[PDB]
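Notes to accompany the following structure.
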Amino acid sequence: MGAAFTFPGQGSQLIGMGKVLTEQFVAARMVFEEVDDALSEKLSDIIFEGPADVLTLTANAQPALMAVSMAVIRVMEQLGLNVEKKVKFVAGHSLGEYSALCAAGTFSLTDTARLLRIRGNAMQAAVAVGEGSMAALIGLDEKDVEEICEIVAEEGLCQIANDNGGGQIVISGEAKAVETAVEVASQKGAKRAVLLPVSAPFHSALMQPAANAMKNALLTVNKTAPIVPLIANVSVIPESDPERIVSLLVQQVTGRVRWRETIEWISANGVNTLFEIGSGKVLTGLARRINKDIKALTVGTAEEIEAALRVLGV
Ligand SMILES: [Cl-]
């Protein structure tokens, strides 16, 4: 049966990502050139040479990861890919929703770069330093983590930020509450419970100022219905209405990334091959943990592009 394209998010960035592809294909080189122009900045120098901690800043990582994904898309398209004909659905992990929408034609490349810079800037600035944290948990189900969130409510706000599959759940919120939640998760026998004490509290109610910033930015940008539906992080259904998609992108900023349910939905609704478009193998690792029967393939190199085009029957 069919294919879905999935687009990675924060944590998939790597120094030098996309550099080889730009050397090999003008289609890839031009994506980075346009992103630099759109942002009035040589972002590509940070992408290709680091330092890693500068590339990892969310105001850099968000437009950078999208650029790598879109370079892959443009190379595939030059080599004959028609997305509307060959791809059933698109989806992406948080910032990856924007990459997915650009690949599906909803926003221009220049606008997507600017939207992601606005998003990263607004997220970095949403809460004062030290006020938020995140934590990465493995081995507790959603119900049990929701209970931990309730247990620590007296200390402060703690919410599920990502449900990633494979027993991986990321929590987020106020620093003290999240720290306590890690202690509780460890006590309950989590296989892993790791505090990220300086993280912005992504996908928590604390991100409200960044949601408001995205609402204003998304209201003015030119947009078109995507050529294939987006399986939105908030709704886990195929979305093609640009007005509703804008609302869901705003809601996404403060809400849970429902990634497990996304892969389960896609796999049950006529897709047997999940492609990860861009940098790294993070989503592919998750897909294989969620569903052992689907074929999950990375698409980041020339070789992988060729293989994906063959699987798609281009
Ligand atoms: Cl990261």
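Numbering starts fresh at 1 for the residues of each chain in the structure tokens, the chains themselves are lettered A, B, ... in the order given, and ligands are numbered from 1 as they appear.
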Within 8 Å of ligand 1 (counting only C-alpha atoms and all ligand atoms), which residues show up? I'd like them as a PyMOL selection string. chain A and resi 10-13+56-58+61
Long-range neighbours of residue A:239 as a CSV table (one decimal) with N, CA, C and O atoms, in the first residue's frame, 8 Å cut-off, only C-alpha atoms, 3 positions minimum in chain:
chain,number,residue,atom,x,y,z
A,229,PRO,N,-3.1,15.6,3.0
A,229,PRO,CA,-3.5,16.1,4.3
A,229,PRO,C,-2.3,16.0,5.3
A,229,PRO,O,-1.5,15.1,5.2
A,230,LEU,N,-2.4,16.9,6.3
A,230,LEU,CA,-1.5,16.9,7.4
A,230,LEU,C,-2.1,16.1,8.6
A,230,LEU,O,-3.2,16.5,9.0
A,231,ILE,N,-1.4,15.2,9.1
A,231,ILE,CA,-1.9,14.5,10.3
A,231,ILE,C,-1.4,15.3,11.5
A,231,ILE,O,-0.2,15.2,11.9
A,232,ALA,N,-2.2,16.3,12.0
A,232,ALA,CA,-1.8,17.3,13.0
A,232,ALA,C,-1.4,16.7,14.3
A,232,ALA,O,-2.1,15.8,14.8
A,244,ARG,N,-8.3,26.0,9.8
A,244,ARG,CA,-8.2,25.1,10.9
A,244,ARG,C,-6.8,24.7,11.2
A,244,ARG,O,-6.4,24.6,12.4
A,245,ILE,N,-6.0,24.5,10.2
A,245,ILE,CA,-4.6,24.1,10.4
A,245,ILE,C,-3.8,25.3,11.2
A,245,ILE,O,-3.1,25.0,12.1
Go through stretch 33-94 of chain A residue by residue and, counting only C-alpha atoms, keep those with an atom at most 12 Å from stretch 290-311 of chain A; for each kept residue give the shortest atom pair and its distance in Å to one decimal, ordered by chain and increasing number, as CSV.
residue,atom,partner,partner_atom,distance
A:65,CA,A:300,CA,11.5
A:67,CA,A:300,CA,11.9
A:68,CA,A:300,CA,8.2
A:69,CA,A:300,CA,8.0
A:70,CA,A:300,CA,10.6
A:71,CA,A:300,CA,9.2
A:72,CA,A:300,CA,6.6
A:73,CA,A:305,CA,9.1
A:74,CA,A:305,CA,10.7
A:75,CA,A:305,CA,8.1
A:76,CA,A:305,CA,6.6
A:77,CA,A:309,CA,9.7
A:78,CA,A:305,CA,11.2
A:79,CA,A:309,CA,8.2
A:80,CA,A:309,CA,8.1
A:81,CA,A:309,CA,7.1
A:82,CA,A:309,CA,10.3
A:83,CA,A:309,CA,11.0
A:86,CA,A:309,CA,9.6
A:87,CA,A:309,CA,11.2
Can you write just those residues out, C-alpha atoms, as a compact mmCIF listing (two decimals), in the first residue's frame?
# COMPACT_ATOMS: atom_id res chain seq x y z
CA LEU A 65 15.97 21.44 10.41
CA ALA A 67 15.88 23.66 5.49
CA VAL A 68 17.46 20.18 5.55
CA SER A 69 14.03 18.56 5.09
CA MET A 70 13.07 20.91 2.24
CA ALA A 71 16.46 20.38 0.51
CA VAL A 72 15.65 16.63 0.46
CA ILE A 73 12.11 17.35 -0.86
CA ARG A 74 13.40 19.60 -3.64
CA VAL A 75 16.01 17.06 -4.76
CA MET A 76 13.32 14.33 -4.81
CA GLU A 77 11.01 16.58 -6.84
CA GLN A 78 13.75 17.34 -9.41
CA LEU A 79 14.23 13.57 -9.73
CA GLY A 80 10.53 13.09 -10.49
CA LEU A 81 8.62 12.96 -7.20
CA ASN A 82 5.07 14.25 -7.38
CA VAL A 83 4.03 14.47 -3.74
CA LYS A 86 2.82 9.44 -4.39
CA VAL A 87 2.36 10.45 -0.75
Atom CA of residue A:200 and atom CA of residue A:132 are how many Å apart?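 Rounded to one decimal, the two atoms are 5.6 Å apart.
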What does the distance between atom CA of residue A:98 and atom CA of residue A:249 come to in Å, to one decimal place?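 Value for the atom CA of residue A:98-atom CA of residue A:249 distance: 8.7 Å.
Minimum distance to residue A:105 across A:197, A:84, A:135, A:261 (counting only C-alpha atoms) occurs at A:84.
With only C-alpha atoms as the atoms that count, the residue of A:256, A:289, A:191, A:85 with the shortest distance to residue A:139 is A:191.
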Using DSSP on the backbone coordinates, identify the residues of stretch 36-266 of chain A assigned to helix (DSSP H, G or I); present them as a compact mmCIF listing (two decimals) with N, CA and C atoms, in the first residue's frame.
# COMPACT_ATOMS: atom_id res chain seq x y z
N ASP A 36 18.72 31.42 4.16
CA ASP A 36 19.62 32.50 4.61
C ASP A 36 19.06 33.87 4.21
N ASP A 37 18.63 33.99 2.95
CA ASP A 37 18.07 35.27 2.48
C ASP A 37 16.83 35.67 3.28
N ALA A 38 15.96 34.69 3.50
CA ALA A 38 14.68 34.93 4.15
C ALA A 38 14.88 35.45 5.57
N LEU A 39 15.93 34.96 6.22
CA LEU A 39 16.26 35.35 7.60
C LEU A 39 17.29 36.49 7.72
N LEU A 43 22.65 31.66 8.32
CA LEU A 43 22.30 30.52 9.17
C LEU A 43 23.03 29.27 8.71
N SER A 44 23.18 29.13 7.39
CA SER A 44 23.85 27.96 6.84
C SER A 44 25.27 27.75 7.41
N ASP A 45 25.98 28.83 7.77
CA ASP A 45 27.31 28.66 8.38
C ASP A 45 27.21 27.94 9.73
N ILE A 46 26.18 28.26 10.51
CA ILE A 46 25.94 27.59 11.80
C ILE A 46 25.53 26.13 11.56
N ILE A 47 24.65 25.91 10.58
CA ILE A 47 24.27 24.55 10.20
C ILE A 47 25.49 23.69 9.85
N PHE A 48 26.37 24.23 9.01
CA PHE A 48 27.46 23.40 8.47
C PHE A 48 28.69 23.29 9.38
N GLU A 49 28.91 24.28 10.24
CA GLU A 49 30.13 24.33 11.05
C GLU A 49 29.92 24.53 12.55
N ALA A 52 27.92 23.41 17.96
CA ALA A 52 26.71 22.63 18.23
C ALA A 52 25.71 23.37 19.13
N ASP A 53 26.21 24.06 20.15
CA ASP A 53 25.29 24.68 21.12
C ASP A 53 24.58 25.87 20.49
N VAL A 54 25.23 26.50 19.53
CA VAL A 54 24.59 27.60 18.75
C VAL A 54 23.55 27.05 17.79
N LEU A 55 23.88 25.97 17.07
CA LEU A 55 22.89 25.33 16.20
C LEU A 55 21.68 24.81 16.97
N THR A 56 21.91 24.36 18.20
CA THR A 56 20.85 23.75 19.00
C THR A 56 19.87 24.80 19.55
N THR A 58 16.97 26.99 19.85
CA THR A 58 15.75 26.68 19.08
C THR A 58 15.47 27.70 17.94
N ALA A 59 15.89 28.96 18.11
CA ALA A 59 15.75 29.95 17.03
C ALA A 59 16.58 29.61 15.80
N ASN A 60 17.62 28.79 16.00
CA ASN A 60 18.41 28.26 14.88
C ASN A 60 17.97 26.88 14.41
N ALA A 61 17.77 25.97 15.37
CA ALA A 61 17.45 24.59 15.04
C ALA A 61 16.14 24.48 14.25
N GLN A 62 15.16 25.34 14.55
CA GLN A 62 13.86 25.18 13.87
C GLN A 62 13.96 25.51 12.36
N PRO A 63 14.41 26.73 11.98
CA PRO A 63 14.52 26.94 10.53
C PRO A 63 15.59 26.03 9.91
N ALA A 64 16.66 25.69 10.66
CA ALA A 64 17.71 24.81 10.08
C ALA A 64 17.22 23.41 9.75
N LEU A 65 16.48 22.79 10.66
CA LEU A 65 15.97 21.44 10.41
C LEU A 65 14.99 21.45 9.25
N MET A 66 14.15 22.50 9.17
CA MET A 66 13.22 22.60 8.06
C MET A 66 14.00 22.71 6.74
N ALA A 67 15.08 23.49 6.73
CA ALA A 67 15.88 23.66 5.49
C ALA A 67 16.41 22.30 5.02
N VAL A 68 16.94 21.49 5.94
CA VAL A 68 17.46 20.18 5.55
C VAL A 68 16.33 19.34 4.95
N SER A 69 15.17 19.32 5.61
CA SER A 69 14.03 18.56 5.09
C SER A 69 13.61 19.04 3.70
N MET A 70 13.51 20.35 3.55
CA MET A 70 13.07 20.91 2.24
C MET A 70 14.13 20.72 1.15
N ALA A 71 15.42 20.71 1.51
CA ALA A 71 16.46 20.38 0.51
C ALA A 71 16.22 18.95 -0.01
N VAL A 72 15.98 18.00 0.89
CA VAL A 72 15.65 16.63 0.46
C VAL A 72 14.40 16.61 -0.45
N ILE A 73 13.33 17.31 -0.05
CA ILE A 73 12.11 17.35 -0.86
C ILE A 73 12.41 17.88 -2.27
N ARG A 74 13.16 18.99 -2.33
CA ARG A 74 13.40 19.60 -3.64
C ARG A 74 14.23 18.72 -4.54
N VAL A 75 15.24 18.05 -3.97
CA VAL A 75 16.01 17.06 -4.76
C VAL A 75 15.10 15.93 -5.27
N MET A 76 14.26 15.36 -4.39
CA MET A 76 13.32 14.33 -4.81
C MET A 76 12.40 14.81 -5.94
N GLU A 77 11.86 16.01 -5.80
CA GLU A 77 11.01 16.58 -6.84
C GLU A 77 11.75 16.76 -8.17
N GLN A 78 13.01 17.20 -8.14
CA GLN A 78 13.75 17.34 -9.41
C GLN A 78 13.93 15.98 -10.09
N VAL A 83 4.52 14.75 -5.08
CA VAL A 83 4.03 14.47 -3.74
C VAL A 83 2.54 14.09 -3.75
N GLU A 84 1.74 14.87 -4.48
CA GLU A 84 0.29 14.69 -4.47
C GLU A 84 -0.07 13.31 -5.00
N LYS A 85 0.72 12.83 -5.95
CA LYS A 85 0.48 11.53 -6.57
C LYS A 85 1.00 10.36 -5.75
N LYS A 86 2.08 10.57 -4.98
CA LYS A 86 2.82 9.44 -4.39
C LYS A 86 2.76 9.31 -2.88
N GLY A 96 8.50 20.16 12.84
CA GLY A 96 8.33 19.36 11.62
C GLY A 96 6.95 19.52 10.97
N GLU A 97 5.94 19.99 11.71
CA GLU A 97 4.63 20.28 11.07
C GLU A 97 4.78 21.38 10.01
N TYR A 98 5.67 22.35 10.26
CA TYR A 98 5.92 23.41 9.31
C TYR A 98 6.67 22.91 8.10
N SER A 99 7.67 22.04 8.33
CA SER A 99 8.34 21.41 7.20
C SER A 99 7.36 20.62 6.32
N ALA A 100 6.48 19.89 6.98
CA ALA A 100 5.45 19.08 6.30
C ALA A 100 4.52 19.98 5.46
N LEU A 101 4.09 21.08 6.05
CA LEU A 101 3.21 22.01 5.35
C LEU A 101 3.92 22.70 4.18
N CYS A 102 5.21 23.03 4.33
CA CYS A 102 5.94 23.58 3.21
C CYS A 102 6.05 22.54 2.07
N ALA A 103 6.33 21.29 2.44
CA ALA A 103 6.47 20.23 1.44
C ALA A 103 5.15 20.00 0.72
N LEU A 109 8.65 28.58 0.94
CA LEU A 109 9.89 28.34 1.70
C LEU A 109 10.34 29.57 2.50
N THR A 110 10.29 30.74 1.88
CA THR A 110 10.67 31.95 2.60
C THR A 110 9.78 32.19 3.83
N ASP A 111 8.46 32.01 3.66
CA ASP A 111 7.55 32.20 4.79
C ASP A 111 7.74 31.16 5.87
N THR A 112 8.01 29.91 5.47
CA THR A 112 8.22 28.85 6.47
C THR A 112 9.47 29.14 7.29
N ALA A 113 10.53 29.60 6.62
CA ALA A 113 11.74 29.98 7.36
C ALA A 113 11.45 31.08 8.39
N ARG A 114 10.72 32.10 7.97
CA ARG A 114 10.43 33.21 8.85
C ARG A 114 9.49 32.80 9.98
N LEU A 115 8.51 31.97 9.67
CA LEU A 115 7.59 31.49 10.72
C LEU A 115 8.36 30.72 11.78
N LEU A 116 9.33 29.89 11.35
CA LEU A 116 10.09 29.07 12.31
C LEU A 116 11.07 29.88 13.14
N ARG A 117 11.62 30.94 12.55
CA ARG A 117 12.43 31.87 13.31
C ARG A 117 11.58 32.62 14.37
N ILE A 118 10.38 33.05 13.97
CA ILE A 118 9.45 33.70 14.92
C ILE A 118 9.10 32.70 16.03
N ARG A 119 8.87 31.44 15.64
CA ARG A 119 8.46 30.43 16.61
C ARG A 119 9.59 30.17 17.62
N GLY A 120 10.80 29.99 17.12
CA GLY A 120 11.97 29.72 17.98
C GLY A 120 12.26 30.91 18.89
N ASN A 121 12.23 32.12 18.33
CA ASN A 121 12.46 33.32 19.14
C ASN A 121 11.42 33.42 20.27
N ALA A 122 10.15 33.18 19.93
CA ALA A 122 9.05 33.37 20.89
C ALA A 122 9.10 32.30 21.97
N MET A 123 9.46 31.08 21.57
CA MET A 123 9.62 29.98 22.55
C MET A 123 10.80 30.21 23.51
N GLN A 124 11.94 30.64 22.99
CA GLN A 124 13.13 30.91 23.82
C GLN A 124 12.79 31.96 24.88
N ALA A 125 11.92 32.91 24.51
CA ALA A 125 11.60 34.09 25.36
C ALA A 125 10.36 33.95 26.25
N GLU A 142 1.09 6.55 29.60
CA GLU A 142 0.50 7.87 29.66
C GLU A 142 -0.33 8.09 30.92
N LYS A 143 -1.19 7.13 31.24
CA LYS A 143 -2.02 7.18 32.44
C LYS A 143 -1.20 7.41 33.71
N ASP A 144 -0.13 6.63 33.88
CA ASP A 144 0.73 6.72 35.05
C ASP A 144 1.50 8.04 35.09
N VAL A 145 1.89 8.55 33.93
CA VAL A 145 2.57 9.85 33.92
C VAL A 145 1.58 10.97 34.22
N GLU A 146 0.34 10.85 33.72
CA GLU A 146 -0.72 11.84 34.02
C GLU A 146 -0.98 11.89 35.53
N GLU A 147 -0.91 10.72 36.17
CA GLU A 147 -1.04 10.63 37.61
C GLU A 147 0.13 11.33 38.34
N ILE A 148 1.35 11.15 37.84
CA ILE A 148 2.50 11.87 38.41
C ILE A 148 2.30 13.39 38.28
N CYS A 149 1.81 13.84 37.13
CA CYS A 149 1.50 15.26 36.95
C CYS A 149 0.56 15.78 38.05
N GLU A 150 -0.44 14.97 38.39
CA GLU A 150 -1.41 15.29 39.44
C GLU A 150 -0.76 15.27 40.82
N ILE A 151 0.10 14.28 41.07
CA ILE A 151 0.81 14.14 42.34
C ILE A 151 1.65 15.39 42.68
N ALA A 175 9.87 24.36 36.81
CA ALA A 175 11.08 23.65 37.22
C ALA A 175 10.95 22.72 38.43
N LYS A 176 10.45 23.24 39.56
CA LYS A 176 10.36 22.43 40.78
C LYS A 176 9.42 21.23 40.62
N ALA A 177 8.25 21.45 40.02
CA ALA A 177 7.29 20.38 39.78
C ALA A 177 7.88 19.30 38.86
N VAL A 178 8.59 19.72 37.81
CA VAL A 178 9.18 18.74 36.89
C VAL A 178 10.29 17.93 37.57
N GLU A 179 11.11 18.60 38.38
CA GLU A 179 12.14 17.93 39.16
C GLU A 179 11.53 16.86 40.08
N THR A 180 10.44 17.21 40.74
CA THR A 180 9.76 16.28 41.65
C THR A 180 9.18 15.12 40.86
N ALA A 181 8.61 15.42 39.69
CA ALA A 181 8.05 14.40 38.83
C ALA A 181 9.09 13.37 38.42
N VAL A 182 10.32 13.82 38.14
CA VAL A 182 11.43 12.89 37.86
C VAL A 182 11.68 11.94 39.04
N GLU A 183 11.73 12.50 40.26
CA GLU A 183 11.90 11.69 41.48
C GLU A 183 10.80 10.63 41.57
N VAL A 184 9.55 11.05 41.36
CA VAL A 184 8.41 10.13 41.44
C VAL A 184 8.47 9.06 40.34
N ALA A 185 8.79 9.47 39.11
CA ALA A 185 8.93 8.50 38.03
C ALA A 185 9.97 7.43 38.32
N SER A 186 11.11 7.85 38.86
CA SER A 186 12.19 6.95 39.25
C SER A 186 11.72 5.99 40.34
N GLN A 187 11.02 6.52 41.34
CA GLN A 187 10.47 5.70 42.44
C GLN A 187 9.50 4.66 41.90
N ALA A 205 1.56 24.79 29.25
CA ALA A 205 0.78 26.04 29.27
C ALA A 205 1.68 27.27 29.43
N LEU A 206 2.90 27.08 29.93
CA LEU A 206 3.87 28.16 30.07
C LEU A 206 4.28 28.80 28.73
N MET A 207 4.03 28.07 27.64
CA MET A 207 4.35 28.55 26.29
C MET A 207 3.30 29.50 25.74
N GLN A 208 2.29 29.86 26.54
CA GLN A 208 1.23 30.73 26.02
C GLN A 208 1.69 32.00 25.27
N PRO A 209 2.72 32.73 25.77
CA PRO A 209 3.17 33.91 25.00
C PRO A 209 3.67 33.55 23.58
N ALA A 210 4.26 32.37 23.44
CA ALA A 210 4.72 31.93 22.13
C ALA A 210 3.54 31.52 21.23
N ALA A 211 2.50 30.94 21.81
CA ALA A 211 1.28 30.64 21.06
C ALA A 211 0.66 31.92 20.50
N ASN A 212 0.57 32.96 21.34
CA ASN A 212 0.03 34.24 20.89
C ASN A 212 0.86 34.84 19.74
N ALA A 213 2.20 34.75 19.85
CA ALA A 213 3.09 35.21 18.79
C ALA A 213 2.85 34.45 17.47
N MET A 214 2.62 33.14 17.57
CA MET A 214 2.37 32.35 16.36
C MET A 214 1.01 32.65 15.75
N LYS A 215 0.01 32.93 16.59
CA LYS A 215 -1.31 33.33 16.11
C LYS A 215 -1.15 34.56 15.23
N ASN A 216 -0.45 35.58 15.72
CA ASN A 216 -0.30 36.82 14.94
C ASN A 216 0.50 36.60 13.65
N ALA A 217 1.55 35.79 13.72
CA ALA A 217 2.34 35.53 12.52
C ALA A 217 1.57 34.73 11.48
N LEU A 218 0.82 33.73 11.93
CA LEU A 218 0.10 32.87 11.00
C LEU A 218 -1.10 33.56 10.36
N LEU A 219 -1.67 34.55 11.07
CA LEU A 219 -2.77 35.33 10.48
C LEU A 219 -2.38 36.09 9.23
N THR A 220 -1.14 36.52 9.10
CA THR A 220 -0.83 37.41 7.97
C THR A 220 -0.21 36.68 6.78
N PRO A 242 -6.92 25.24 5.57
CA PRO A 242 -5.84 26.10 6.09
C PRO A 242 -6.19 26.93 7.34
N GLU A 243 -7.43 27.37 7.47
CA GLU A 243 -7.85 28.12 8.67
C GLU A 243 -7.79 27.24 9.92
N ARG A 244 -8.28 26.01 9.80
CA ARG A 244 -8.22 25.09 10.93
C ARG A 244 -6.77 24.71 11.23
N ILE A 245 -5.99 24.47 10.19
CA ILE A 245 -4.55 24.15 10.37
C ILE A 245 -3.84 25.27 11.15
N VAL A 246 -4.12 26.53 10.83
CA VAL A 246 -3.53 27.64 11.61
C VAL A 246 -3.91 27.52 13.08
N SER A 247 -5.19 27.24 13.37
CA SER A 247 -5.64 27.14 14.74
C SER A 247 -4.91 26.00 15.47
N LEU A 248 -4.76 24.88 14.79
CA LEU A 248 -4.07 23.71 15.35
C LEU A 248 -2.58 23.92 15.57
N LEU A 249 -1.94 24.70 14.69
CA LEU A 249 -0.52 25.10 14.92
C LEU A 249 -0.37 25.96 16.19
N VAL A 250 -1.33 26.86 16.42
CA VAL A 250 -1.32 27.68 17.63
C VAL A 250 -1.53 26.80 18.88
N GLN A 251 -2.54 25.93 18.83
CA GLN A 251 -2.83 25.01 19.93
C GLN A 251 -1.64 24.09 20.24
N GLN A 252 -0.93 23.71 19.17
CA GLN A 252 0.21 22.80 19.29
C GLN A 252 1.30 23.34 20.24
N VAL A 253 1.49 24.65 20.24
CA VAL A 253 2.57 25.26 21.02
C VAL A 253 2.48 24.94 22.51
N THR A 254 1.25 24.93 23.05
CA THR A 254 1.05 24.66 24.47
C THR A 254 0.58 23.25 24.78
N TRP A 259 2.52 11.89 19.08
CA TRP A 259 3.27 11.23 18.00
C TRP A 259 2.96 9.73 17.90
N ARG A 260 2.90 9.05 19.04
CA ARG A 260 2.52 7.64 19.07
C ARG A 260 1.21 7.42 18.31
N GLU A 261 0.19 8.20 18.67
CA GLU A 261 -1.13 8.05 18.04
C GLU A 261 -1.10 8.38 16.55
N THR A 262 -0.22 9.32 16.18
CA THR A 262 -0.05 9.68 14.78
C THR A 262 0.46 8.49 13.97
N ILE A 263 1.50 7.83 14.45
CA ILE A 263 2.06 6.70 13.72
C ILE A 263 1.07 5.53 13.70
N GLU A 264 0.39 5.31 14.82
CA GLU A 264 -0.64 4.26 14.88
C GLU A 264 -1.77 4.55 13.88
N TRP A 265 -2.24 5.80 13.84
CA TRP A 265 -3.29 6.17 12.88
C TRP A 265 -2.82 5.96 11.44
N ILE A 266 -1.66 6.52 11.10
CA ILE A 266 -1.16 6.37 9.74
C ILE A 266 -1.05 4.90 9.31
Looking at A:50, A:287, A:224, A:153, which one is nearest to residue A:17, with distances taken over only C-alpha atoms? A:50
Nearest residue to residue A:138 out of A:164, A:284, A:204, A:94, using only C-alpha atoms? A:164
Shortest interatomic distance to residue A:226 - which of A:267, A:133, A:279, A:106, counting only C-alpha atoms: A:106
Please identify which residues in stretch 157-265 of chain A DSSP calls strand (DSSP E or B) from the backbone, and express them as JSON, numbers by chain. {"A": [158, 159, 160, 161, 162, 163, 164, 165, 168, 169, 170, 171, 172, 173, 174, 192, 193, 194, 195, 196, 230, 231, 238, 239, 257]}
Residue nearest residue A:195 - candidates A:136, A:274, A:169, A:268, atoms counted: only C-alpha atoms: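 For residue A:195, the nearest of the given residues is A:136.
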Taken to one decimal, the atom CA of residue A:104-atom CA of residue A:221 distance is 15.7 Å
